[PDB]
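Working notes, beginning with the structure itself.
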Amino acid sequence: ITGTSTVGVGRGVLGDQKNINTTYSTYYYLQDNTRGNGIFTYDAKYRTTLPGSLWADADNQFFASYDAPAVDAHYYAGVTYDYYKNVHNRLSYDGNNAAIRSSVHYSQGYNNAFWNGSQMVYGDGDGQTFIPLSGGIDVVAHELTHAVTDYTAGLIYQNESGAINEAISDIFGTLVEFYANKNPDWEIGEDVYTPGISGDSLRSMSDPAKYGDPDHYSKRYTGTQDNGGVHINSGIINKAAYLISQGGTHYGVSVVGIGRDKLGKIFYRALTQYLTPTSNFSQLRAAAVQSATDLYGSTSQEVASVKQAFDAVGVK
Ligand SMILES: [Ca+2]
Ligand SMILES: [Ca+2]
Ligand SMILES: [Ca+2]
Ligand SMILES: [Ca+2]
Ligand SMILES: [Zn+2]
């Protein structure tokens, strides 16, 4: 909508106060004009028609319970925008400042969030398995990273290309979580998963097996479920990414860690210059070795570390 840029204030899903960029025209809308061609947040009003209505508020204060998921979808989309722009010089998901649209309150008791090819969609959870999923910065950034992948490598969402797609989203989800630097970890979705159980999460990158996901290629899932295990076999690549950043000895293979920033630069370059829609895990290894070579040189610690990490998860 046409109006003037304003700054609202409210509380997110975990009860934290934050400022949000809004737009005023009779109502205050969740429309942030300060980033690209805008960030826009919508109310799906517990139904599944999308996007719903652009979020409108009478006084620019967003402290109602109903407001909380919108506050966080909107704010965390901005954080994710800032990460890609500042860290990778990428302007929005298409690289040309496409408008970022999100809908909250999707359906009833919906225990998921997703990128639908055009926009972000967040359920509220059923209050047992999940609370509203935009409360999780890693979840927001995971999903927005799907848009980045769709516009770049275009990894097909099934079998190994699909598991890479998923791991890419968990990797940048986590790097965005560290960027924001509020309780960062290598787990996924811990802020919104199972409110009555502390200490758990949906997936772990540091030890995927904690939740029964494979952490070596020899344990890959090869059935038909979950698009051929895209959220399962992602653990093999997640573990590799973890090891590249943090180091460790895994099934007796030692990896020298090189830290999060180099992890991000190597995987961003692989994603944007080397991976293709049908890439498999071995091709991912090749893409990551070549990206590290480009960035740090053939004889670098960084290239050897990428090799060690893929060796450790059994991907040659
Ligand atoms: Ca209000
Ligand atoms: Ca965390
Ligand atoms: Ca996390
Ligand atoms: Ca929990
Ligand atoms: Zn995903």
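Following the order of the structure tokens, chains are lettered A, B, ..., residues in each are numbered from 1, and ligands are numbered from 1.
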
Neighbouring residues of ligand 5 are defined here as those with any atom at most 8 Å from a ligand atom, counting only C-alpha atoms and all ligand atoms; list them as a compact mmCIF listing (two decimals) with N, CA and C atoms, in the first residue's frame.
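Dumped everything to selection-v3.txt:
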```
# COMPACT_ATOMS: atom_id res chain seq x y z
N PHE A 114 6.24 -23.12 5.86
CA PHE A 114 6.75 -23.45 4.55
C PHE A 114 6.81 -22.24 3.62
N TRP A 115 7.63 -22.44 2.60
CA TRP A 115 7.74 -21.55 1.47
C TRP A 115 6.93 -22.19 0.34
N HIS A 142 15.18 -20.63 7.59
CA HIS A 142 15.14 -21.90 6.88
C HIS A 142 14.23 -21.74 5.69
N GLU A 143 13.01 -21.29 6.01
CA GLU A 143 12.03 -21.21 4.94
C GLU A 143 12.38 -20.16 3.88
N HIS A 146 14.72 -21.47 1.36
CA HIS A 146 14.13 -22.21 0.25
C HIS A 146 13.90 -21.31 -0.96
N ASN A 165 18.79 -29.59 -0.44
CA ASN A 165 17.90 -28.43 -0.37
C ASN A 165 17.58 -28.14 1.09
N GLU A 166 17.11 -29.17 1.79
CA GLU A 166 16.80 -29.10 3.21
C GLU A 166 17.98 -28.71 4.10
N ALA A 167 19.11 -29.38 3.89
CA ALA A 167 20.32 -29.01 4.65
C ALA A 167 20.71 -27.56 4.40
N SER A 169 18.83 -25.06 3.82
CA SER A 169 17.92 -24.28 4.63
C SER A 169 18.23 -24.37 6.13
N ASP A 170 18.63 -25.56 6.59
CA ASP A 170 19.04 -25.66 8.01
C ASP A 170 20.35 -24.93 8.28
N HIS A 231 14.01 -34.66 4.78
CA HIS A 231 14.25 -34.15 6.14
C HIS A 231 15.02 -35.12 7.03
```

Mind checking which residues fall within 10 Å of range 61-67 of chain A, counting only C-alpha atoms, ignoring those fewer than 6 positions away in the same chain, and posting them as a list in words? residues 7, 8, 9, 10, 11, 12, 13, 15, 16, 17, 18, 19, 20, 28, 43, 45, 55, 104 and 105 of chain A

Have a look at A:78, A:52, A:264, A:136 and name the one nearest to residue 106 in chain A; count only C-alpha atoms.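 Among the listed residues, A:52 lies closest to residue 106 in chain A.
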
Kindly provide, as a PyMOL selection string, all nucleotide and amino acid residues lying within 10 Å of ligand 2, counting only C-alpha atoms and all ligand atoms. chain A and resi 136-138+174+177-178+181-192+201

If you run DSSP on this backbone, which residues of range 17-151 of chain A come out as alpha helix (DSSP H), and could you give them as a VMD selection string? chain A and resid 68 to 88 137 to 151

Export of prior selection with N, CA and C atoms as a CSV table (one decimal), in the first residue's frame:
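Everything below was put into part_35.csv:
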```csv
chain,number,residue,atom,x,y,z
A,68,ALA,N,1.3,-11.7,18.0
A,68,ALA,CA,2.6,-12.1,18.3
A,68,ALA,C,3.2,-12.9,17.1
A,69,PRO,N,2.5,-13.8,16.5
A,69,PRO,CA,3.2,-14.5,15.3
A,69,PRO,C,3.5,-13.6,14.1
A,70,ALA,N,2.7,-12.6,13.9
A,70,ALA,CA,2.9,-11.6,12.9
A,70,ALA,C,4.1,-10.7,13.2
A,71,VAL,N,4.2,-10.3,14.4
A,71,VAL,CA,5.4,-9.5,14.9
A,71,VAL,C,6.7,-10.3,14.5
A,72,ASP,N,6.8,-11.5,14.9
A,72,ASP,CA,8.0,-12.3,14.6
A,72,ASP,C,8.2,-12.7,13.2
A,73,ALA,N,7.1,-13.0,12.4
A,73,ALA,CA,7.3,-13.3,11.0
A,73,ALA,C,7.9,-12.0,10.3
A,74,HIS,N,7.4,-10.9,10.7
A,74,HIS,CA,7.8,-9.6,10.1
A,74,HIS,C,9.2,-9.3,10.4
A,75,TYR,N,9.5,-9.3,11.7
A,75,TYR,CA,10.8,-8.9,12.2
A,75,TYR,C,11.9,-9.9,11.7
A,76,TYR,N,11.7,-11.2,11.8
A,76,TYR,CA,12.7,-12.2,11.4
A,76,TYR,C,12.8,-12.2,9.9
A,77,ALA,N,11.8,-11.9,9.1
A,77,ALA,CA,12.1,-11.7,7.7
A,77,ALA,C,13.1,-10.6,7.5
A,78,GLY,N,12.9,-9.5,8.3
A,78,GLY,CA,13.9,-8.4,8.2
A,78,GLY,C,15.3,-8.8,8.5
A,79,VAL,N,15.5,-9.6,9.6
A,79,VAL,CA,16.8,-10.0,10.0
A,79,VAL,C,17.4,-10.9,8.9
A,80,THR,N,16.6,-11.8,8.3
A,80,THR,CA,17.1,-12.7,7.3
A,80,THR,C,17.5,-11.9,6.0
A,81,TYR,N,16.7,-10.9,5.7
A,81,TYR,CA,17.1,-9.9,4.6
A,81,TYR,C,18.4,-9.3,5.0
A,82,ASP,N,18.6,-8.8,6.2
A,82,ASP,CA,19.8,-8.2,6.5
A,82,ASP,C,21.0,-9.1,6.4
A,83,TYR,N,20.8,-10.4,6.9
A,83,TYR,CA,21.9,-11.3,6.7
A,83,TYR,C,22.3,-11.5,5.3
A,84,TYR,N,21.4,-11.8,4.4
A,84,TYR,CA,21.8,-12.0,3.0
A,84,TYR,C,22.4,-10.8,2.4
A,85,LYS,N,21.9,-9.6,2.7
A,85,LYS,CA,22.5,-8.4,2.1
A,85,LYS,C,23.8,-8.1,2.7
A,86,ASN,N,24.0,-8.1,4.0
A,86,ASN,CA,25.2,-7.7,4.6
A,86,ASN,C,26.3,-8.7,4.4
A,87,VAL,N,26.0,-10.0,4.5
A,87,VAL,CA,27.0,-11.0,4.6
A,87,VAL,C,27.3,-11.5,3.2
A,88,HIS,N,26.3,-11.6,2.3
A,88,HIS,CA,26.5,-12.2,1.0
A,88,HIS,C,26.3,-11.3,-0.1
A,137,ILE,N,13.6,-18.0,14.9
A,137,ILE,CA,14.4,-17.3,13.8
A,137,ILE,C,15.0,-18.3,12.8
A,138,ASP,N,15.5,-19.5,13.3
A,138,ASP,CA,16.0,-20.5,12.4
A,138,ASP,C,14.9,-21.1,11.5
A,139,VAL,N,13.7,-21.1,12.0
A,139,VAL,CA,12.6,-21.6,11.1
A,139,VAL,C,12.3,-20.6,10.0
A,140,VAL,N,12.2,-19.3,10.4
A,140,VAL,CA,11.9,-18.2,9.4
A,140,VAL,C,13.0,-18.2,8.3
A,141,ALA,N,14.3,-18.2,8.8
A,141,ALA,CA,15.4,-18.2,7.8
A,141,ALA,C,15.5,-19.5,7.0
A,142,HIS,N,15.2,-20.6,7.6
A,142,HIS,CA,15.1,-21.9,6.9
A,142,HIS,C,14.2,-21.7,5.7
A,143,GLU,N,13.0,-21.3,6.0
A,143,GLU,CA,12.0,-21.2,4.9
A,143,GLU,C,12.4,-20.2,3.9
A,144,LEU,N,12.9,-19.0,4.3
A,144,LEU,CA,13.3,-18.0,3.3
A,144,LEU,C,14.4,-18.5,2.4
A,145,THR,N,15.3,-19.3,3.1
A,145,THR,CA,16.4,-19.9,2.3
A,145,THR,C,15.8,-20.8,1.2
A,146,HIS,N,14.7,-21.5,1.4
A,146,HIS,CA,14.1,-22.2,0.3
A,146,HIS,C,13.9,-21.3,-1.0
A,147,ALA,N,13.5,-20.1,-0.8
A,147,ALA,CA,13.3,-19.2,-1.9
A,147,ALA,C,14.6,-18.9,-2.6
A,148,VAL,N,15.6,-18.7,-1.8
A,148,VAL,CA,17.0,-18.4,-2.3
A,148,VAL,C,17.4,-19.6,-3.2
A,149,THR,N,17.3,-20.8,-2.6
A,149,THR,CA,17.6,-22.0,-3.4
A,149,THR,C,16.8,-22.2,-4.7
A,150,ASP,N,15.5,-21.9,-4.6
A,150,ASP,CA,14.6,-22.0,-5.8
A,150,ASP,C,15.1,-21.1,-6.9
A,151,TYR,N,15.6,-19.9,-6.5
A,151,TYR,CA,16.0,-18.9,-7.5
A,151,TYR,C,17.5,-19.2,-8.0
```

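If you measure from each of A:284, A:131, A:171, A:315 to ligand 4 using only C-alpha atoms and all ligand atoms, the closest one turns out to be A:131.
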
Chain A near ligand 4 within 7 Å: what's each residue's closest atom pair and its distance in Å to one decimal, counting only C-alpha atoms and all ligand atoms, ordered by chain then ascending residue number, as a Markdown table?
```
| residue | atom | partner | partner_atom_place_in_ligand_line | distance |
| --- | --- | --- | --- | --- |
| A:190 | CA | ligand 4 | 1 (Ca) | 5.9 |
| A:192 | CA | ligand 4 | 1 (Ca) | 6.8 |
| A:193 | CA | ligand 4 | 1 (Ca) | 4.5 |
| A:194 | CA | ligand 4 | 1 (Ca) | 3.7 |
| A:195 | CA | ligand 4 | 1 (Ca) | 4.7 |
| A:196 | CA | ligand 4 | 1 (Ca) | 6.0 |
| A:197 | CA | ligand 4 | 1 (Ca) | 4.2 |
| A:198 | CA | ligand 4 | 1 (Ca) | 4.6 |
| A:199 | CA | ligand 4 | 1 (Ca) | 5.9 |
| A:200 | CA | ligand 4 | 1 (Ca) | 5.0 |
| A:201 | CA | ligand 4 | 1 (Ca) | 6.0 |
```

Considering only strand (DSSP E or B) as DSSP defines it on the backbone, what residues of range 11-172 of chain A qualify? List them as a count of residues only. 38
